[PDB]
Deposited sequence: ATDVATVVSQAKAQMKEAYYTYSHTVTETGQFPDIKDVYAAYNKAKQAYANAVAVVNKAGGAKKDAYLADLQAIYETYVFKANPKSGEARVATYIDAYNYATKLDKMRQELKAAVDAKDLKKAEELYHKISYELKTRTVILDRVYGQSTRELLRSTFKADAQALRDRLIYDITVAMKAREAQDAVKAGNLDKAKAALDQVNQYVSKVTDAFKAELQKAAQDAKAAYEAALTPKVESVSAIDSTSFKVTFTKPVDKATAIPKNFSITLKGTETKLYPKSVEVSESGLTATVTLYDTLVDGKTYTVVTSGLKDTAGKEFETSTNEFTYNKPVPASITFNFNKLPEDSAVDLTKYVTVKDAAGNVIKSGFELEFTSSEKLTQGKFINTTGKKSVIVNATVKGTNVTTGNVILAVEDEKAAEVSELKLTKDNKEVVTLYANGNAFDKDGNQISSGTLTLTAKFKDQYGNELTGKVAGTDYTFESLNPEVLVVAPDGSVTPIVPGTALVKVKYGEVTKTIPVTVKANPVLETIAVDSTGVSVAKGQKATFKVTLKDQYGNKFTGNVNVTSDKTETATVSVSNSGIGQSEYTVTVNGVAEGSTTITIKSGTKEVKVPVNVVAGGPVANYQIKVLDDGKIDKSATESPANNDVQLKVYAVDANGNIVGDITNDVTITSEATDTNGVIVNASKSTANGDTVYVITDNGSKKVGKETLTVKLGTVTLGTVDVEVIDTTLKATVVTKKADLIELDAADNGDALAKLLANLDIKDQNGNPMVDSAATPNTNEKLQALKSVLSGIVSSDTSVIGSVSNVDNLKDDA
């Protein structure tokens, strides 16, 4: 008992005993031991060792160093050793591995809780936490002596934690890159955005049903911002004739920048410069005519350098180089487009001939026209057809003998020939969605109250020009084929009555067009959705769940909601904004007396019932720091129940990156994180935990719970 030899024997035996606690269990039963039993046997061994060392030193002699080196050998193998090689520190490493393995299972279950609630922010955070665990902290699992023990940890705990992670690869990839693409365009780096969108595009097809809706919007939103915020570009240059060329832009150009100074033209492969005389821009701003002093040479290519141009309201163009090749066309035939001409003081005869090459292709420009007429010519191209029945016009191509000959043309006053457009409009916006109540939604889904709902028609005359100055309800009229469904006034005014489909028709005398207009059923309450599956709160505390109301399509339906508890003795309940107002409410439940009840969310005809069970929670056992940027410190009992709140009393400390200050609204206190690292949450002199910030986004550090470093 007292004799050293006995102390050493038993210490040796007890140190191995602690290792047998786990290893014999796994081998013989295929089950893990109680972790309490392992900890007990572990702490008993550490004491047994320490007592033995003390006893051996007390006795001394030659047997001292033999006993000491032997005891240490067992201890460093079976029990504990800092930085152990495989086979050493057996119990200590198993404790670390079992604690890590169960933590992975808890993390796997927390991730699945978010995947079911369709929460994407919480799922991504938990994905990133466990991706680190599965790849970096897997080293803990590798330290375990016992192949059976190592495998049973993997199978029981890691396998399902790995499998859930790997089926979520694509969902997070898309959510990451779409955020990165949105962040690139804000920083003004377009090369990152296109690389990110390419990666988004290839992986959206593979995402799970868990976030498919929210991810699809996220993907398209990243595309939409990229299209809008993209550099304006000179598309092409192309010749018009021997002295002018057309330039097309991707975006509408600023008139002030479209000036000769900014256009530099050279003969390609030479230093022969051609100076511009003028720049004329189209009314849209997508094309421009650049005219030159010098004559382009038939067959030759030309280099157009474009500096210092600008977008309409927007930003600068890329200094671009674009080429064009001048090719003098060869006219062969010429023809009047109609047997008739409009009535007008000045009829531009050039607009009424078509020129062709011998192949039969139209020649849009390049040539010059000479005219003779029965009528007097102004600027060699305009004639006066007013009051006339017919005219003779002879069109020749200047240098050529290509001629129409004398052609007799009827004069015909402009009349409606075709209905160029017919659409339902409100406040000059084209409407896509219309309800029988009256509300009209545009191409995206943004309804307008200003402007009255009418029909809009434009018409083209027999010469294919738009008819101007024409009044709805006078020159042309609108009517309905289904008056019970939809009512149309002569001018086009619409007042719909019942959902369905009505055929609407316009007429300018004999010219007509018929368009169908579908009127959708009035928005009605379909679904009352609840944020929380079941509410568990401490007696004398509050809990919040969000109530969202839906219509039959899947949009925000505005409505009144009254909420009631079964028993005010066990739980009392209240709703935000008196129950009136919005489509999206938050509901507060207060604990009164331990037990169970159910809550009733009522709206008009439909209802959803939510379980509420209040607990009389125990004393303060822990303090949680939560991120909800805003920040809170919760007092929490043994069960995880939030009982008490000490965001107040607590202090936060650490060129300084972040501003931090105490902030109170009504009574609820919150700490706020601003900008110009790691912060330290303290209560008195005690440190409660650390928070890591990044340059905006913050997460609370989880403490090192390992028995071995690295």
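Residues of the deposited sequence lacking C-alpha coordinates, numbered from 1, fall in the stretches 629 to 645, 672 to 677, 700 to 706, 726 to 729, 745 to 814.
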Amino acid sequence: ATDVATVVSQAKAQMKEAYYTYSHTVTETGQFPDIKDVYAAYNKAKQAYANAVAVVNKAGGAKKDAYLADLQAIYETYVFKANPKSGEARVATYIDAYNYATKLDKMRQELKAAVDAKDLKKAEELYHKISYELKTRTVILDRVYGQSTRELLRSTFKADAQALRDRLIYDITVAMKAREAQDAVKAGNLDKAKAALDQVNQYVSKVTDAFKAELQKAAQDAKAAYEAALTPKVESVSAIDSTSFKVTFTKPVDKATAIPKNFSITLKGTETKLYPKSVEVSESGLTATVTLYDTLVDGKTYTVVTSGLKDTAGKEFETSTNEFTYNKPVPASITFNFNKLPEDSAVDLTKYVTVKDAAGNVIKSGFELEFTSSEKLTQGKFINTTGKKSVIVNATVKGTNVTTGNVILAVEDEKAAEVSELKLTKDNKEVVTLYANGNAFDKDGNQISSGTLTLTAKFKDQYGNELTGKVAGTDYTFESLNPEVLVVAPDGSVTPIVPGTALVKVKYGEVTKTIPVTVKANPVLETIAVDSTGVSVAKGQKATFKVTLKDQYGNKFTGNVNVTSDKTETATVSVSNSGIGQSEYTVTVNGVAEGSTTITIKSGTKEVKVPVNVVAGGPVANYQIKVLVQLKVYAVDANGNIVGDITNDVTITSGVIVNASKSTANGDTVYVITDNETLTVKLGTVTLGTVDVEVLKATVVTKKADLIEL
From here on, numbers count along this sequence of modelled residues.
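With 150 to 158 and 539 to 547 compared on mean CA B-factor from the PDB entry, the stretch scoring higher is 539 to 547. Of the two stretches examined, 550 to 558 and 101 to 109, the record assigns the greater average C-alpha temperature factor to 550 to 558. Across 115, 332, 612, 638, the greatest Cα temperature factor reported in the deposited entry is at 612. Taking the PDB entry at face value, the top CA B factor among 380, 366, 500, 285 belongs to 500. When the modelled residues of the chain are ordered by C-alpha B-factor, residue 649 sits in the middle third. When the CA B factors of the chain's modelled residues are split into thirds, the value for residue 175 lands in the middle one.
Ranked within its chain, residue 360 lands in the lowest third, by CA B factor from the PDB record.
When the modelled residues of the chain are ordered by their C-alpha B factor, residue 13 lands in the lowest third. Looking at the C-alpha B-factors along this chain, the one for residue 667 belongs to the highest third.
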